[PDB]
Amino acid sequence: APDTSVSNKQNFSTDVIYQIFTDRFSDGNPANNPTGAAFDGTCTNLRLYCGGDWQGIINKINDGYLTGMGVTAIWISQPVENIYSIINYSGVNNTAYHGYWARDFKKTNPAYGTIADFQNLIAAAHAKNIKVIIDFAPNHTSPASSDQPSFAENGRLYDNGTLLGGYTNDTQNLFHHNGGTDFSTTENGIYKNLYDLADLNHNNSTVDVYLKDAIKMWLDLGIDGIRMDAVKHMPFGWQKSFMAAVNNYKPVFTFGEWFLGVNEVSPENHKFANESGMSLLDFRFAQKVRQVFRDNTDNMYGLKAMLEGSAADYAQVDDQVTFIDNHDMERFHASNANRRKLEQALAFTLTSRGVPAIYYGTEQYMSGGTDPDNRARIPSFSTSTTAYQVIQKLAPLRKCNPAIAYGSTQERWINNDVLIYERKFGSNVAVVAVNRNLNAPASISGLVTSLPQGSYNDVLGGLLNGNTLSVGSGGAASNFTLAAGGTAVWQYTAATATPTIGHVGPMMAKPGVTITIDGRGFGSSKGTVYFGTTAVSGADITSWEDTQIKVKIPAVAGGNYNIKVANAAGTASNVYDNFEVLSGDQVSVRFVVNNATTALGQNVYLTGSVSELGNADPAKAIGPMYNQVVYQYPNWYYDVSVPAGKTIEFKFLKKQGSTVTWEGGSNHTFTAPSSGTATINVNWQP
């Protein structure tokens, strides 16, 4: 099918996701309502159980509210069974209405619905061209206390009914026991508890296997995507082996939550997004958009710079999940005023790079503070709101215009309160002019674009005070007046001649796995897929359309490659870099090194005989390794996803500045496991 089909689990750029907090959306079946002190019919107490369930969600689907909006995907609350306990925090009673306090990843939450209810959810949505993304929190279980078993549910972890263990008396070692986290360091915040949430020990074979088994169950259910929780509070090494597990099996678009504060740029966030095998939330995009349209703590210059920087930092920026607000921030809309700001941001976000998300109720101009004041129940389902329209107008541009789903981003006109950017993909253009100044009308002159010559009517139909554009020869738009707080969208579409790739996914898998190349001008006739230098043609190319191709990863050596297509004729497309062919199925193995003394700025990295280990390249070495929590310096440690059932030769190195000091002697060798975790404790060879 076309890259624009509901069937495409690997691509989400052309969609518009709608983030729904299940319990605060629609109550379609009163039956599953929690009782007693855990329920609040009125939803007046934003910390109890309101009644939101899968049923209600289906009800909004077939009723037109969702589809009307032009929404194409829904990311819901964690489907899994949560704890029933009614925890009390310094007086206030709380619940797992949020869906993060899990007890059993193999069962559903009765409140949300039953397996059937869920399956009904997947079928109801699929029937309408709506994708389904589920939240999955493999980080912790629930709140617990080592010294107090009776509190809550002792972070107990079940396995489809059969009790695995609990925080207290963790003899199996399913959990971590290094106290809570202070967020001081990336390492510290991984191996230590988050508040009171009993951290899971993925280093345990029992926990690693089980979790990789829970997601599959959901996989086989119908989900078209996952939303990893606390991707920052989980061992990067282990996450990659998780992704490897999903990919090598039933690949699906996966993104995670790596919070970012105002003006916050983490080189670590980039590396995770780039190499993990999954995208992340675009806090970088979101944080700035707010400073530019809501709190106004930066100008369009701050906006442009972000757009540019981000574009080079993330290897697959067209994979980041953009938004203006969510569960972890207050509502973009200030009760106080000017809704035009929200709408401008809304306009901004849906016509920009990446996959746009929309927090439920945003189209209703919802207020509130930080959680729980940002999870109130949707106050109405009216389709007359200007924000619903705006979404209803620009949303489908991701499906109809490719420059918007795969285009690039270039500034073309800008000052303090104005920004005129253009998306460009093949012979597809689109220019979005935005005037944030709410008190003045901007006068633009000298604006140049890629649009052909002719008139261009504002897609928004003057909805945001946007005008019709007059583009003369050369692409030199006439002198027009951008209305105050105005917003306009002119675009140009056209058949694309040469093969152009706009997407690839999964971006990480072993040989045999089937990838989904997306773009335009591939031709209706089967061609050939090049994986670096190796070609792919014939029966190994499961499918070929003008928009999307489906080939099987060739039997090549694990490592980074380039994807490039050549239509039946022989014409070579554009190159798509950063594809990782794994040496095979993966496992999470923790590496240990003794007496690795060092000096300031000098750290320890790990390299090895596998692509997964950097193939001996020091530029591609693993680390810097950790050395404070689990193990203490001079002992260094690190969790690395390695090829399963393979004899590996490794050697440690130390780096300080650009200078590398190698380990002495011959490589240490060991044999990774064909399943589960494993630890390798060795000593530094002088």
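Note that residue numbering begins at 1 and tracks the sequence as displayed.
**Q** Between 259-267 and 140-148, which has the larger average Cα B-factor in the PDB entry?
**A** Between 259-267 and 140-148, it is 140-148.
**Q** Take the C-alpha B-factors listed in the entry for 479-487 and for 590-598, compute each mean, and give the stretch with the larger one.
**A** Result of the comparison: 590-598.
**Q** Of the choices 168, 297, 562, 428, which one's C-alpha carries the largest B-factor in the record?
**A** That would be 562.
**Q** Using only the C-alpha B-factors in the record, can you name which of 310, 408, 114, 384 has the highest?
**A** Out of 310, 408, 114, 384, the record gives the largest C-alpha B-factor to 384.
**Q** When the modelled residues of the chain are sorted by Cα temperature factor, does residue 679 land in the lowest, middle or highest third?
**A** For residue 679, the deposited C-alpha B-factor lands in the lowest third.
**Q** Check where residue 158 lands among this chain's C-alpha B-factors and tell me if it's the lowest, middle or highest third.
**A** CA B-factor rank for residue 158: middle third.
**Q** Would you mind checking where the Cα B-factor of residue 369 ranks among the modelled residues of its chain, as the lowest, middle or highest third?
**A** Ranked within chain, residue 369 CA B lands in the middle tercile.
**Q** Quick check for you: using the entry's CA B-factors within this chain, is residue 617 in the lowest, middle or highest third?
**A** Lowest third - that is where residue 617 ends up once the chain's C-alpha B-factors are sorted.
**Q** Is residue 51 in the lowest, middle or highest third of its chain when residues are ranked by C-alpha B-factor?
**A** For residue 51, the deposited C-alpha B-factor lands in the highest third.
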